[PDB]
Amino acid sequence: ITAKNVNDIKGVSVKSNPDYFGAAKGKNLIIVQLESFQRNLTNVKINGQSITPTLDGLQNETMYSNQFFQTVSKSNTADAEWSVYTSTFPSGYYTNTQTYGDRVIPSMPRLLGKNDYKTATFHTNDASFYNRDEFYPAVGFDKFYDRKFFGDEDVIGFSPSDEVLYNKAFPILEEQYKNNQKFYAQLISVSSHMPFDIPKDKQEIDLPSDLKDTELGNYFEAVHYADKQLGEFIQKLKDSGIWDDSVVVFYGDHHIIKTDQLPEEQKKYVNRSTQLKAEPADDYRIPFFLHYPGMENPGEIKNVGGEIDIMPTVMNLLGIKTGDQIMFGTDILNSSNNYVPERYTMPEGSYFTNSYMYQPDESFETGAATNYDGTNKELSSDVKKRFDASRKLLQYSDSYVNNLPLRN
Amino acid sequence: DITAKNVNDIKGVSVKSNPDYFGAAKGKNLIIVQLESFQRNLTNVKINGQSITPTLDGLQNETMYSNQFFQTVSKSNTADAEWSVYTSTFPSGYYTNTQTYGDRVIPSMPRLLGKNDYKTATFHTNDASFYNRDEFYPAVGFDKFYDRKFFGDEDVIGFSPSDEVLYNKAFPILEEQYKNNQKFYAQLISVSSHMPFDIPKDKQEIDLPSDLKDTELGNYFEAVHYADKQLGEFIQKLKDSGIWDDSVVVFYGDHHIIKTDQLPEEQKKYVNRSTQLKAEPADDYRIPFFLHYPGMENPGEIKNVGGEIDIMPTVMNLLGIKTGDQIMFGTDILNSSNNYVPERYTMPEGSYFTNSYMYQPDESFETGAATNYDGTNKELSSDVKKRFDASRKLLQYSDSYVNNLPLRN
Ligand SMILES: [Cl-]
Ligand SMILES: [Cl-]
Ligand SMILES: [Cl-]
Ligand SMILES: [Mg+2]
Ligand SMILES: [Mg+2]
């Protein structure tokens, strides 16, 4: 298995002389993974109250996507991290951070570490969760900051709040910045994790009575809190000068609300402005925002992507050659026909494109392609090719990951 | 390979082989009322001499009742309560079970009663599309459900007809079954005390002190008082008609709604401390539970703990119905003394409540904490470990069992 072979199997055409290559050469990298944020519940107003004003404001000054998809399996948050760090698929069976925490895993932090970046990840819960204390070394992060680093002050749910996350991380980044140390920081938010129970004094949305004592109402309070704290973190990055010297990426780890299951009177709260009339496609959309210094071309990215695509997309902006490193993702700024294979909650060979989703049943022929306007799509040759490629890619990714060398 | 015996062995609660009260209510009707957002630490409260729940307080002298009965809910609280009660299986840590498994043939209390000559119905004044009830109720084998279409749009409180309309329109249906010798199980789901607790001004009967007036807790007290009043009127009709003397009647709160430790300091004096558990969330997770059956000679406080999953096995014993090979994760609370209640979703998996302490894990079992209900720490002994392991295994088995249920089509 080689990098070329994998790319040929996927069959997505990527520019040989890529645009934006090294547009952010030598810049820092800050990535924030936002817990349980989904695109169809962002940019929503409840009686004039914006739920995600921070994300809404970023649309004018970033490249962002309305068709960016989660690529997760059994352990959703950890599968998101797996996808992003490794550009390999999460398992259909295992939790990869558990099963492969004993391997030497090629990765984004490892590659950046070979290009003079110090690398760290930040999360306020204990790193024993999902085997993170083994996984983070396995992917070659120089450091991870876990509950031991963050206090037990201002707990929301089961660990310190996003406010504590950003306030304790920022000074570390500021000191690296002042000392001319190129850095990659990954922050994993948590305050908007289910059950979305936010202290009363931190709830800022006055909910209408059809949202009171509902999962969706609680979700909106938690997302609003998380978005607020993100905005305060961004303002500190701007004031400090870090923003103008860094690539910054924000994405939701995965969806949490099944919007077609909502009570009928709550459905009016779902954002329909970029709705896909196919499930689970619509819900599987996660917000995605990308900033880099001196960007001249902000706006909507048309090519679809998933979490596995973040690494190749970012490495291109940072001007880093990936060489022989196997990546199952694609640089989304240098392709136009990308697609995203899915598994676990969907059968193997399921995938999303920029215009339709395919899902098999007992066989390819008994499956269904559904256009994003809701109409059926005939199972043509191209639909078949992506199904076959998707299944082969998953096989290769599973085999590749399973054959990684042991750390000991 | 999951059997009823295996599940019971995993839980490890000792249940009398020759049970007491078996068939004490053989052949009687069953009426169960699920009271929206009632919690035990906000019942039997007086505000300046005014009783908030005088109906429930009065029942204490003539029922078996519990001061340590717990909610067992997850993502969709009201529906998870119904799930727990009808199925005696745990709500999911991930799904809303009434949504995800509404396409299954689900073994249940109404299904089992239907095989013992009961006609079964559930009543709720909102639209049955909510939480997939219009599929869930058939899935568990209710003969009928009566929803908003049946109740009309008179006397709306909040978003649907009042508890008064619920009881007034249900009663004549029960009365006709009674007169025609049709044994029945009726499940009524109240709604007037749902948040935001908006009760019409002419229906507010508590004169609130200024530290409660126009506050969430104040509105909560008016709504609970209204709901308790209407429950009392329903009971009086059951008594007058003769149905009361021919029926097992169970009342329970679906789940708590007020986080009492988050109240303003001056409102905390309103919380009932008389049977306080000095552990959270144990204290708030207590829901009222009252059981009546005709010719009961032994009214008073049930010492053994229970949760919503325990209602089915407890009731089937009273009705003299053998459950056979039907898998139940709950326990007959009148024939055990060491029952415990696993919790999830708002607590980590392996958390549980006993009659004397709560356990909650952290990163591992060993880094968790057992807290006695007097507030003191409890050392993590072998028995504490066994219940943690059993709790986690029970949740796994329940999730697997429910996921493997056959499709209705
Ligand atoms: Cl008790
Ligand atoms: Cl559930
Ligand atoms: Cl139990
Ligand atoms: Mg997550
Ligand atoms: Mg409820």
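Every residue, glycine as well, gets a Cβ built from its backbone with ideal geometry; the counts of neighbours run over all protein chains shown. What is reported rests on the model, the rules as stated and the sources as named; no laboratory instrument gave them.
Inspect region A:15-23 for any residue being in contact (Cβ under 8 Å) with a residue 12 or more places away in the chain and in contact with a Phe, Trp or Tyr (Cβ under 7 Å, 6 or more places away or on another chain) and give the result as yes or no. Yes.
Checking each residue in region A:233-251 for being closer than 11 Å to residue A:292 by Cα, of a type outside the set (A, V, I, L, M, F, W, C) and in a helix (DSSP H, G or I) picks out A:244, A:245. Say whether the condition of being away from ligand 4 (no atom under 16 Å from the Cβ), touching a helix residue (DSSP H, G or I) at 6+ places or on another chain (Cβ under 6 Å) and within 14 Å of another protein chain (Cβ to nearest Cβ) is met by at least one residue in region B:61-73. The answer is yes, given that some residue of region B:61-73 is away from ligand 4 (no atom under 16 Å from the Cβ), touching a helix residue (DSSP H, G or I) at 6+ places or on another chain (Cβ under 6 Å) and within 14 Å of another protein chain (Cβ to nearest Cβ). Taken over region B:42-80, the criterion of being near ligand 2 (Cβ under 10 Å from one of its atoms) and touching an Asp or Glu at 6+ places or on another chain (Cβ under 7 Å) is satisfied by B:73, B:74, B:75, B:76, B:77.
Residue check: is residue B:352 over 21 Å from the mean Cα position of the chain (by Cα), within 29 Å of residue A:130 (Cβ to Cβ), more than 14 Å from every other protein chain (Cβ to nearest Cβ) and crowded, with 24+ Cβ neighbours inside 10 Å? Please lay out each step first, then the result.
Numbers: over 21 Å from the mean Cα position of the chain (by Cα): no; within 29 Å of residue A:130 (Cβ to Cβ): yes; more than 14 Å from every other protein chain (Cβ to nearest Cβ): yes; crowded, with 24+ Cβ neighbours inside 10 Å: yes.
It is false that residue B:352 is over 21 Å from the mean Cα position of the chain (by Cα), within 29 Å of residue A:130 (Cβ to Cβ), more than 14 Å from every other protein chain (Cβ to nearest Cβ) and crowded, with 24+ Cβ neighbours inside 10 Å.
Within region B:68-118, the set of residues being aromatic (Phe, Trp, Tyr) and within 16 Å of ligand 1 (Cβ to nearest atom) comprises B:69, B:70.
Here region B:119-135 is the region considered, the condition is being under 18 Å from the mean Cα position of the chain (by Cα) and within 12 Å of chain A (Cβ to nearest Cβ), and the residue that is surrounded by the most Cβ atoms within 10 Å (Cβ to Cβ) is B:133. Hey, does region A:276-289 have a residue that's touching a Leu at 6+ places or on another chain (Cβ under 6 Å), away from every other protein chain (no Cβ under 14 Å) and over 20 Å from residue A:62 (Cβ atoms)? Checked against the condition, which is being touching a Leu at 6+ places or on another chain (Cβ under 6 Å), away from every other protein chain (no Cβ under 14 Å) and over 20 Å from residue A:62 (Cβ atoms), region A:276-289 yields at least one hit. Please find, within region A:136-151, the residue that is nearest to the other protein chains (Cβ to nearest Cβ) out of those that are closer than 24 Å to residue A:87 by Cα and free of Cβ contacts under 8 Å to residues at least 24 places away in the same chain. By that ranking, first place goes to A:146.
On inspection, residue B:6 fails the criterion of being within 16 Å of ligand 1 (Cβ to nearest atom) and surrounded by fewer than 24 Cβ atoms within 10 Å (Cβ to Cβ).
Residue A:60 meets all of the listed conditions (1) surrounded by fewer than 17 Cβ atoms within 10 Å (Cβ to Cβ); (2) under 30 Å from residue A:209 (Cα atoms) but one, namely (2).
To keep it simple, each residue is scored yes or no on (1) within 14 Å of another protein chain (Cβ to nearest Cβ); (2) among the charged types (D, E, K, R).
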| residue | (1), (2) |
| --- | --- |
| A:153 | no, yes |
| A:172 | no, no |
| A:177 | no, no |
| A:195 | yes, no |
| A:210 | yes, yes |
| A:214 | yes, no |
| A:243 | no, no |
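The single condition among (1) of a type outside the set (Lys, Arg); (2) over 28 Å from residue B:86 (Cβ atoms); (3) under 21 Å from the mean Cα position of the chain (by Cα) that residue B:282 does not meet is (2). If the condition is being away from ligand 4 (no atom under 16 Å from the Cβ) and within 14 Å of chain A (Cβ to nearest Cβ), then region B:329-349 contributes B:343, B:344, B:346, B:347, B:349.
Yes or no: residue A:77 surrounded by 19 or more Cβ atoms within 10 Å (Cβ to Cβ), touching a residue at least 60 places away in the same chain (Cβ under 8 Å) and in contact with a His (Cβ under 8 Å, 6 or more places away or on another chain)? It is true that residue A:77 is surrounded by 19 or more Cβ atoms within 10 Å (Cβ to Cβ), touching a residue at least 60 places away in the same chain (Cβ under 8 Å) and in contact with a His (Cβ under 8 Å, 6 or more places away or on another chain). Evaluate region B:25-37: report whether one residue or more is in the same structural domain as residue B:181 (by CATH), surrounded by fewer than 14 Cβ atoms within 10 Å (Cβ to Cβ) and more than 16 Å from ligand 3 (Cβ to nearest atom). Yes; the residues of region B:25-37 include at least one that is in the same structural domain as residue B:181 (by CATH), surrounded by fewer than 14 Cβ atoms within 10 Å (Cβ to Cβ) and more than 16 Å from ligand 3 (Cβ to nearest atom). Of everything in region B:273-300 that is assigned to a loop (DSSP other than H, G, I, E, B) and among the charged types (D, E, K, R), the residue that is surrounded by the fewest Cβ atoms within 10 Å (Cβ to Cβ) is B:297. Being closer than 18 Å to residue A:137 by Cα, acidic (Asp, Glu) and in contact with a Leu (Cβ under 9 Å, 6 or more places away or on another chain) is true of residue A:102.
Considering B:240, B:246, the condition of being touching a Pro at 6+ places or on another chain (Cβ under 7 Å) and either within 16 Å of ligand 2 (Cβ to nearest atom) or in the same structural domain as residue B:66 (by CATH) (or both) is satisfied by B:246 alone. The condition of being within 14 Å of chain A (Cβ to nearest Cβ), away from ligand 2 (no atom under 16 Å from the Cβ) and not charged (D, E, K, R) holds for only one of B:38, B:22, that being B:38.
Each residue in region B:354-409 was checked for being aromatic (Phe, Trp, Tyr), closer than 22 Å to residue B:333 by Cα and assigned to a loop (DSSP other than H, G, I, E, B), and 1 of them qualify.
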